[PDB]
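Chains R, D, H, C, A, F, W and V supply the protein sequences, listed in that same order.
Read in order, the letters of the first sequence are residues 3 to 135, 143 to 193, 200 to 220 in the deposited numbering.
Read in order, the letters of the second sequence are residues 3 to 135, 143 to 193, 200 to 220 in the deposited numbering.
Note that the deposited numbering has the third sequence beginning at 1, numbered continuously upward.
Note that the deposited numbering has the fourth sequence beginning at 146, numbered continuously upward.
Note that the deposited numbering has the fifth sequence beginning at 290, numbered continuously upward.
Note that the deposited numbering has the sixth sequence beginning at 1, numbered continuously upward.
Read in order, the letters of the seventh sequence are residues 17 to 172, 177 to 212, 215 to 231 in the deposited numbering.
Read in order, the letters of the eighth sequence are residues 17 to 172, 177 to 212, 215 to 231 in the deposited numbering.
A virtual CB, placed ideally from N, CA and C, is assigned to each residue, including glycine.
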Amino acid sequence: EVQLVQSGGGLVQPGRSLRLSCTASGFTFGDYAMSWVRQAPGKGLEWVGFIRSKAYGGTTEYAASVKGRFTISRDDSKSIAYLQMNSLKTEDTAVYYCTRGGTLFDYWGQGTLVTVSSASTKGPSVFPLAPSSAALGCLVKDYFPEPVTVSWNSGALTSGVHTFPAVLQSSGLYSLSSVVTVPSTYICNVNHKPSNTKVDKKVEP
Amino acid sequence: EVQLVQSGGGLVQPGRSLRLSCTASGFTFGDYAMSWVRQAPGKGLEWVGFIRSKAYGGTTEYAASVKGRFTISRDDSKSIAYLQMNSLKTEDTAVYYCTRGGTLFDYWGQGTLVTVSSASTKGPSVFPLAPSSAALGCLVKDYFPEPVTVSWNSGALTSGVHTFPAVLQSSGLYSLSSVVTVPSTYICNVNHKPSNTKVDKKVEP
Amino acid sequence: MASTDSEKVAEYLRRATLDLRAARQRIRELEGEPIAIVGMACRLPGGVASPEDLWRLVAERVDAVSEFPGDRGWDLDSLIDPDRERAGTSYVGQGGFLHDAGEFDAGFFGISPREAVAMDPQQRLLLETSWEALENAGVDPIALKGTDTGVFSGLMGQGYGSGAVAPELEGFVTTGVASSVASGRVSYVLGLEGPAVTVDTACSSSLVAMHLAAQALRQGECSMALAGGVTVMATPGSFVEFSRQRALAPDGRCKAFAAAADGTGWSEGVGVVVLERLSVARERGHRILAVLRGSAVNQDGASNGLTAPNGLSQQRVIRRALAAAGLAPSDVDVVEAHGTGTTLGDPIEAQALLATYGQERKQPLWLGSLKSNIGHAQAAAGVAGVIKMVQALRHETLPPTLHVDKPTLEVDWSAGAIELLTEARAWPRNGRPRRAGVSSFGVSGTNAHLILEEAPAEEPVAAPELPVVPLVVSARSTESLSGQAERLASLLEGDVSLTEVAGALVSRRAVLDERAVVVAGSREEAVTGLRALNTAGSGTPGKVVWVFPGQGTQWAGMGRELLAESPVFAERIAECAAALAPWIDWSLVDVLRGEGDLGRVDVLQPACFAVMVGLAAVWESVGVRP
Amino acid sequence: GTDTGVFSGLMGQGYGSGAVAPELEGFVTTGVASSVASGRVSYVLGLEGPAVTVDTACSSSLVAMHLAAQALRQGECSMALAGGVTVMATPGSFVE
Amino acid sequence: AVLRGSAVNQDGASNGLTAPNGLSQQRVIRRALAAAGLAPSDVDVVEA
Amino acid sequence: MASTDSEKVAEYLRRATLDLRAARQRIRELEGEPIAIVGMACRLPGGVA
Amino acid sequence: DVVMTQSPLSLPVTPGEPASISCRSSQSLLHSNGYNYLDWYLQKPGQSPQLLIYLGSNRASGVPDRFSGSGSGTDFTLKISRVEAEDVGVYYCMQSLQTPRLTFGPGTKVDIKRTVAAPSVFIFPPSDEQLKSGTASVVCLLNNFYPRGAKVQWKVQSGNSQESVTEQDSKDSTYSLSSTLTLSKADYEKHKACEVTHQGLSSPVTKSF
Amino acid sequence: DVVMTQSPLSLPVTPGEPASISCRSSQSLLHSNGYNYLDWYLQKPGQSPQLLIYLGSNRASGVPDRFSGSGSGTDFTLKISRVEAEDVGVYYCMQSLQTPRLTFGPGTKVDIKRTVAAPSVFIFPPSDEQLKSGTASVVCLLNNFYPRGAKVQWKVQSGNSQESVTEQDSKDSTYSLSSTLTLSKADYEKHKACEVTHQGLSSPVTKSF
C-alpha cells in the first residue's frame with residue numbers, strides 16, 4: 003500500500019546545516035520523481051525543488067530564490083529521498099512536505115516542522131490584563154520555544170474562552186493573549208514545558 | 003457513438019485507377035491518425051500506410067512494395083479520408099480496411115472487397131458426379154463472376170450436403186463442387208445471377 | 001511553446017490507468033463479493049440444541065422420528081386411525097416434534113406472563129435462537145443497540161389460538177399472531193434500525209430470505225444482517241390434509257432416493273445465521289465459519305400442475321447459481337439434495353442433477369439428505385441443511401445417509417459420475433478448495449440454490465499461560481448464574497487453556513446484574529472452586545470513599561512480590577524512591593525487597609506513605625476512581 | 146417462458162377459517178396459503194421470474210416495490226409487477 | 290413516470306411497541322433523498 | 001526507433017481514459033439507474049375501477 | 017507570457033446545496049494534442065493537501081463522486097452536488113502548461129454560511145507589572161463579528181502593531197480579533215486608539231486608551 | 017535488429033475449461049519509463065479484427081471480462097477462464113517498440129477440440145458430358161476428419181491442383197477436404215491414385231479412378 007514517512011526535523015540555530023529524510027514504500031520508488039515543497043506559518047504554499055528519475059537523467063531543479071544552497075539526493079536501493087538544508091536563516095522556519103511526482107503532485111506526506119531562531123530558551127512572563135469597565146485575560150510573553158499550555162481555572166472555565174494563537178514578535182520571543190468573555200474563582204494556569212515553568216495568576220478588579 | 007463507413011470499392015479492370023473513401027462520425031476525427039490495412043484472399047493481413055494528424059504536420063508514410071502509386075489524404079471539413087488506388091493488378095486483389103489510430107488500431111471498418119480481372123460473365127458448366135458403389146453429387150466449373158447458388162432437390166435434401174468453397178482458376182473462372190453422402200430423386204439445381212443461368216441436373220449410377 | 005509535453009504526458013497518464021483500474025475492480029467487488037458466516041444457532045427434533053449436537057447426532061447415523069405430542073391439547077384417539085379412508089382421520093402417527101416448544105423465559109425479555117401466553121411459539125423460538133446466534137458470533141448484544149443491522153425471517157401462519165379468547169388473556173392477541181411482529185419484536189428488544197422483512201414462500205422461504213439479505217449487504221443498506229427460519233405446528237390439519245392426498249409414508253420416515261420410497265413426513269425446527277461482508281469481517285477481527293459465494297432463485301412456471309415440479313426450471317436455476325458464483329460444474333464435490341422422498345420428485349431431481357452436475361467429471365460427486373435423519377422441516381428445512389454442510393467443512397468428514405438399500409431404478413445412474421453416500425468419507429485439506437451446494441424446491445414453485453466454500457486458512461498464535469487469572473461470570477438471575485457456573489465447570493473438565501477461556505469470557509461476553517468471580521491458578525482448582533461457588537450479590541452502587549488508615553500495618557518485605565509481578569506498582573515505587581532519593585541515605589526499593597531495617601523510622605513512615613500511594617495508583621489503573 | 150418477476154404485499158385474514166364442508170376438502174390449504182397468491186399468478190401467466198410475498202403491516206406494498214427495483218438493477222429479471230391487496234373477511238379489526 | 294430512490298428502515302427502540310419516533314422518519318427521509326441524488330429544495334409536494 | 005515516443009504515448013494512453021470513464025459511468029448507472037413505470041391498475045371503494 | 021489564473025476570493029456555502037467555483041486564465045491552456053492542463057487541489061485545515069481533479073474533467077480515486085469539473089479554453093468550473101461539513105477548507109486552481117510553478121496562488125476559502133453580526137469593541141488598560149517591565153503593549157479586542165475582512169489601525177501607526185484572529189467557531193461561526201500596539205513605556209509616558219472598520223459595522227467605532 | 021515473436025501454432029480446446037496462449041520475444045520490450053509494448057488482436061472468421069489487450073495487462077472496454085493478460089520482459093501470456101464456441105478465430109501478439117509494423121505474423125488459430133477422426137477417402141469418375149467438352153476435373157474427397165493438416169498428393177502430379185477445405189462442421193465438428201485436379205481430356209485419357219496422409223488415418227491410402 004502506497005506510503006511515505008518524513009523525518010529529520012527539530013529546532014536549529016542559524017549558520018549550520020541539517021538534513022530531512024523521506025522513506026517510501028508500497029510502490030516502485032525507482033520510477034516516480036520526488037519533490038519538496040514548503041509552507042510558511044499562516045501563509046500559502048510554494049514549490050521548493052524536485053529531482054528527476056533515473057530514466058530521464060536523474061537531474062535536479064531548485065527554486066530560484068533559494069538556489070545554490072540546497073541539494074536533493076535519492077537512494078533507490080533504500081528508496082529514500084534526502085534534502086540538505088544549508089545555511090538556514092530565520093525565514094526558513096516553516097513546514098516541509100515531500101510529494102511523489104514531478105508535475106502532477108499525486109501523494110503527500112505528513113509534513114515536518116523546522117524552526118530556525120537564534121533566540122534561546124526563556125521562562126514565560128504572565129501579566130494579567132484587568133478589566134476597566143465583560144472579559145478578562147492573561148497576556149503571556151517572552152517564552153521560548155513553543156508551545157505553552159494556558160488554561161482557565163485548570164479547565165473548570167470552558168465557555169467564552171478565545172485562545173488567540175501566539176504570534177512571533179520583532180523581539181524574537183513568543184507572546185499570546187488568552188482571554189475569556191464572562192458577563193459580570201478566576202485563575203489562569205500557564206505551563207511552559209521547554210522552560211519547565213508552571214505559573215498560576217489571577218485577574219481581579 | 004464512434005461510427006465508420008467505407009465506400010468506393012468494386013471490380014476494376016487492370017491498369018485503371020480507383021478511389022476509396024472512409025467517413026467518420028461520433029468523434030473528433032481531426033485529432034487522430036488514419037491507417038490502411040489489406041488482407042489477401044485466404045492469406046494473412048498486411049500493412050499499407052498511414053497518415054498523421056494536423057497537430058504533427060499531417061505527414062504520411064507508405065510501404066515500400068506499394069510506393070509511387072498510392073496517396074492518402076484527409077478532409078476535416080466533413081471528416082473523410084481518401085485513398086487513391088493506382089495501377090491495380092491481379093495480385094493487389096484484397097479486402098481493404100480503414101483503421102483509426104497510428105499504432106493502436108482500436109476500431110476497424112466493415113471493409114471493402116476489391117476485385118481485378120479481365121474476364122466477362124459466363125454461365126456455369128454443371129456436371130453429374132456419380133458414385134461407383143455412398144457419396145455423390147454435382148460438380149460446377151467455369152463460371153464467372155461470383156456467386157453461384159447450388160441447392161439439392163429444391164431444398165428437400167439437406168443432410169450430408171458438402172458445398173466446397175469455390176477457388177479462382179488460373180484463367181479467371183470459379184470452380185466448386187457439391188457432394189451429398191447418402192448410401193444406396201437427387202436433384203442439384205444450379206443458378207447463376209450474372210448470366211441469369213438456370214441448370215437442372217440429376218445423378219444416377 | 002508546445003514542445004514541453006513528452007515527459008508530462010507519461011507522468012500524467014500513468015496515474016490515469018493506475019487510478020481507473022481500481023474502479024474496474026470495484027464494479028466486480030460490488031457485483032459479486034463473497035459473504036462470510038460468523039455465527040449459527042438452531043434447534044431441531046431429537047434433543048438438538050446446538051450445531052455440535054446436530055453434528056453428533058448425524059455422525060452416528062441416529063434418526064429422531066418420534067410419537068405425537070400429548071401436551072398440546074390434541075385428541076389422539078379419534079385422530080389416529082390405521083384405516084386410510086375414514087372421514088376426518090390421518091393414517092400416520094409418527095414424525096419429528098419439538099417437545100419443548102412451549103417453554104419460554106418471559107422474565108429475561110421483560111414480558112409479563114399474560115403477554116407470553118398469547119404470544120405465538122414462533123416468536124419466542126426466534127427470540128431465543130437470535131440471542132444464542134448473536135452470542136455465538138462473539139459480539140455483545142447490548143452494545144449492538146442503535147446500529148443499522150437487519151433481520152430476515154421465514155415463517156408461515158399456523159392458526160395458533162384461533163378459538164375463543166378470555167378477557168383476561170385479551171390484550172395482546174392481535175400483536176401476537178401477526179407476521180410482521182416476528183421481526184418487529186427482535187428489532188424492538190434489540191433496538192436495531194435496519195430493514196425488517198418477513199417473507200413467506202412455502203417450503204423454500206428460509207434460503208430466499210438469506211438470498212435477500214446477501215443483496216442488502218452488497219447494496220450498503222446494512223453492515224450486519226441475520227437471517228433464519230422457523231416452523232412449529234399448532235394444529236394437525238396439515239397431517240389430515242396430506243393424508244387425504246395419500247402422500248405420507250405409513251412409517252413416517254422419508255427414505256430419500258431409496259427404492260422403497262412411498263411418502264414424506266413433517267417435522268419442526270428453527271435456525272438462524274449471521275452474515276457479513278468478507279472485508280468487513282477481516283477488518284473487525286471476527287472468525288469465519290464459511291463463505292457463501294453465489295445464489296439464485298426462480299419460479300417453476302407453467303408445469304403439469306400447481307404442485308408438480310419441472311426439471312428444466314431446476315436445471316436453469318442451477319446454471320444461474322453457478323454462473324453467479326463464478327465457478328464451474330466440475331468444482332463442487334457434494335450437493336445436499338432436497339430428498340423429499342416422494343414417488344415423483346426424487347426421479348426428476350436425480351435426472352436434473354445428472355443433466356447438470358454429472359458431466360465431464362474426473363471424480364464422481366456425492367449427495368445426501370438431512371430429511372432422512374429428521375424429516376421435512378418445511379420453512380426451516382434449508383437453513384438446517386446449510387448448518388450441516390458448514391459442520392462438514394469444519395470436521396473434514398462426509399456425513400452418511402440413512403434408510404437406503406438400493407438406488408431407485410426409475411433413473412439411469414450410469415448417465416453421469418454421481419453416486420449415493422452410504423458410508424462416512426474423509427474430506428481433508430488438499431490445496432484445492434472444497435465447495436458444496438445446497439438445493440431447496442418449494443411446493444408453490446419457487447426454487448433456490450446456494451454455493452458454500454471453506455473458510456480461508458489462518459495461522460495460529462502461541463500464547464504463554466498466566467500464573468493466576470480471574471474468572472468472571474454474569475447473568476440476569478440466580479438460577480441462570482448457577483447454570484452458567486455448571487456449564488463452565490463442565491467445559492473446563494476437558495483440555496482447554498485457562499488463559500484462553502478467561503480472555504474470551506472477559507472480552508467476548510456482555511455484563512449484567514448478577515455477578516460472580518473466582519480466582520484460579522490451575523484448571524483443577526478452577527473447576528473445584530466453580531462447583532463450590534455458592535455466594536453472589538446483586539448490590540446497588542452508591543458513592544465510594546477511600547479511607548486512609550493510620551499506623552500498625554507494616555512488615556519487612558511488603559512489596560517484593562508486587563514489585564516482581566505488578567508493572568505499574570513497581571514503576572510508581574521506583575519513581576517515588578527516585579523522588580525521595582536526594583534526602584535519604586538508603587534504597588526504599590531494597591528496603592521493601594527485604595534489605596531494610598524497621599528501626600529506621602525515617603525509612604518506616606515514607607515506606608507506609610509510598611505503599612499507600614502505590615496502592616492508590618494500582619486502583620486507578622484498573623479503571624475505578626474515588 | 147420469459148423471466149418477469151412478481152412481488153406482492155398482503156396479510157392473512159382468516160377467510161373460511163371455521164368448519165369446512167367435507168366435499169370442499171383438498172383445496173383449503175392452497176386456497177388460503179400466502180405464497181400461492183403470487184404462485185398462482187405466475188403459474189397461470191407462465192412466467193419464470195422470482196416470486197416473493199412480503200408482510201410488513203401497513204407499509205407492505207411500498208416495500209415490495211422497493212425490492213422489485215433492486216432486483217431490476219441486479220439483472221435477475223427484465224420486467225416486474227408490484228402491488229398489494231386487502232379484503233376484510235371478518236369484522237375483528239373493527240372491534241379490536 | 291420514473292422513480293428516483295427508496296429507503297426502508299425500522300423504528301427500533303421507541304416510546305412503546307407501536308409508538309413512533311420522529312428521528313427514524315428524519316433518517317429515512319434523508320437516506321431516500323441521498324439515494325435519489327437530490328436536495329430537499331427540489332421536491333415540491335409530498336403525501337404524508 | 002523510439003524518438004517519436006510522444007505520439008505513441010499520447011494515443012496509447014488516451015484510450016485508457018476514454019474507456020475507463022465509460023466504466024465509471026457503468027458503475028454509476030448500475031448503482032443508481034432510474035426505473036420507469038409503464039402500466040397501472042387499481043380497484044378502490046367508491047365505484048373506482 | 018506567463019499565464020495568470022484568478023478565482024473568487026471567498027464563497028460561503030450552506031450544507032445540502034450544490035456549490036460552484038470558477039477559474040479563468042490569461043491564456044488558453046488547450047494544447048495541440050488536445051488536452052487542457054489544469055489541476056484542482058484541496059487543503060483541509062490542519063491537514064496535508066490533496067489532489068481532486070486533473071486534466072480538466074477527470075476525478076482521482078478516493079475522492080467522493082459528488083465532485084466534478086468541466087470547462088475548456090480559458091475558463092473552467094468545479095461543481096459539487098451537495099456540500100457536507102468536511103468540505104470546509106481551501107481550494108486551488110493550478111495550471112501545468114508552463115513550468116516550473118513558483119506558487120499555488122491565493123486560492124479560495126470555504127466556510128459555513130451565517131448571518132451578518134457586529135462586534136462589541138473593548139479596550140483594556142496595560143498591567144502595571146508590564147509597566148515595571150518597561151513596555152507599552154496596548155490591547156483592544158473584538159468579539160463575535162462576521163464575516164472576515166475587519167481592519168484595525170492605530171492613532172494615539178505602522179510597524180509597531182500585531183493582530184491575532186481566532187478560527188471559526190464550531191457553533192457561533194463568528195470571528196474574534198485581538199489587536200495589540202507595541203511600543204516602549206518611555207514613549208507611553210510622553211503621550212497618554216485602535217480605529218476599527220468592518221462590513222458588520224454601520225459606522226466606524228474607535229475606542230481610546 | 018528486427019524483433020521477432022512466436023507462439024504455439026494451434027490450440028484446440030473445448031468449452032468449459034480454461035486455456036492459455038503464450039507469446040515470446042527475441043528482445044526485452046520493457047522501456048525506460050517502465051512499460052511493455054504488447055498488443056493482442058482477435059479476428060473472427062469472416063469479421064474485422066478487434067482489439068482486446070494493450071500494454072500487456074489492462075483490458076480494453078467492450079471485451080468480455082473472461083479474457084486476461086499478464087507477463088513482462090520477453091514472455092507474455094493470454095488466459096481465458098471459460099472457453100466458448102464463438103471464441104474461435106485467429107490471435108496475434110504484436111510489439112510496438114519498433115515502428116512501422118509491416119506484417120501481422122502467422123498468428124495462432126483456435127478451433128474446437130474433439131476426437132481424432134480419419135477421413136473417408138473417395139474418388140469419383142468425371143462426367144461424360146464434361147469429357148465431351150475437353151476437360152476433366154478429378155477430386156479426392158476426404159470426409160469427416162479431424163484435425164486439419166490432411167496432406168494429399170496425386171499420382172498416376178501437381179501444378180494444376182487447387183485445395184479447398186470447409187470450415188468446422190456445426191454438429192460433428194469435423195472437416196472435409198477437396199483437392200480438385202484439373203486436366204484436359206487428352207491428358208486425362210493419356211493415362212489409364216490420390217495418396218492421402220493425415221494423422222487421423224493410420225496408413226497411407228491410395229485411390230485410383
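For the stretch 130-145 of chain V, the beta-carbon criterion of a distance under 9 Å to any beta-carbon of chain D is satisfied by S136, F138, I139, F140, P141, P142, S143, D144 and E145. In this chain, the beta strand (DSSP E) harbouring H449 (chain H) covers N447 to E454. Residues of chain H whose Cβ lies closer than 9 Å to the Cβ of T115 (chain W) are, in chain order, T4 and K8. One thing to note: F257 (chain H) has its Cβ no nearer than 8 Å to the Cβ of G385 (chain H).
Interface flag for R24 (chain H) against chain F is set, since a Cβ pair is found closer than 8 Å. In this structure, DSSP gives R24 (chain H) a helical state, which the three-state scheme calls helix. Rounded to the nearest whole angstrom, the C-alpha separation of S587 (chain H) and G596 (chain H) is 8 Å.
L106 (chain R) and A2 (chain F) have their C-alpha atoms some 24 Å from each other. If you draw a straight line from the Cα of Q8 (chain R) to the Cα of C109 (chain W), it comes to about 27 Å. With a beta-carbon spacing of about 6 Å, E48 (chain D) and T119 (chain V) fall inside the 8 Å limit used to define contacts.
Listed along the chain, the chain H residues whose CB falls inside 7 Å of the CB of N74 (chain V) are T17 and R21. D5 (chain F) has its alpha-carbon roughly 48 Å from the corresponding atom of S330 (chain H). Around the beta carbon of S37 (chain R), 16 or more other beta carbons lie within 10 angstroms, which makes this residue buried.
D108 (chain R) belongs to the set of residues whose beta carbon lies under 8 Å from a beta carbon in chain H. Residues of chain D with a Cβ closer than 7 Å to the Cβ of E11 (chain F) are, in chain order, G103, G104, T105 and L106. In terms of beta-carbon proximity, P28 (chain W) stays away from the interface with chain R, with every pair separated by 8 Å or more.
C-alpha of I202 (chain R) to C-alpha of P130 (chain R): approximately 10 Å in a straight line. A contact is defined here as three or more CB-CB pairs under 8 Å, and the stretch 77-85 of chain V fails this definition with respect to the stretch 137-144 of chain V.
The residue from R:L20, R:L13 and R:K217 with its alpha-carbon nearest to that of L145 (chain R) is R:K217. According to DSSP, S9 (chain R) shares a beta bridge with R:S23. For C156 (chain V), the CB contacts under 6 Å within the same chain, skipping 5 residues up- and downstream, are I139, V168, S199 and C216 in chain order. Interface annotation, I37 (chain F): not in contact with chain H, CB-CB separation never under 8 Å. Between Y152 (chain D) and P126 (chain D) a beta carbon distance of about 4 Å is seen, short of the 8 Å cut, so the two are scored as contacting. Per DSSP, reduced to three states, the secondary structure at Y64 (chain R) is strand. Listed along chain W is no residue with a C-beta nearer than 7 Å to that of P154 (chain R); the closest approach is about 18 Å.
Distance between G103 (chain D) and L226 (chain H), taken at the CA atoms: about 54 Å.
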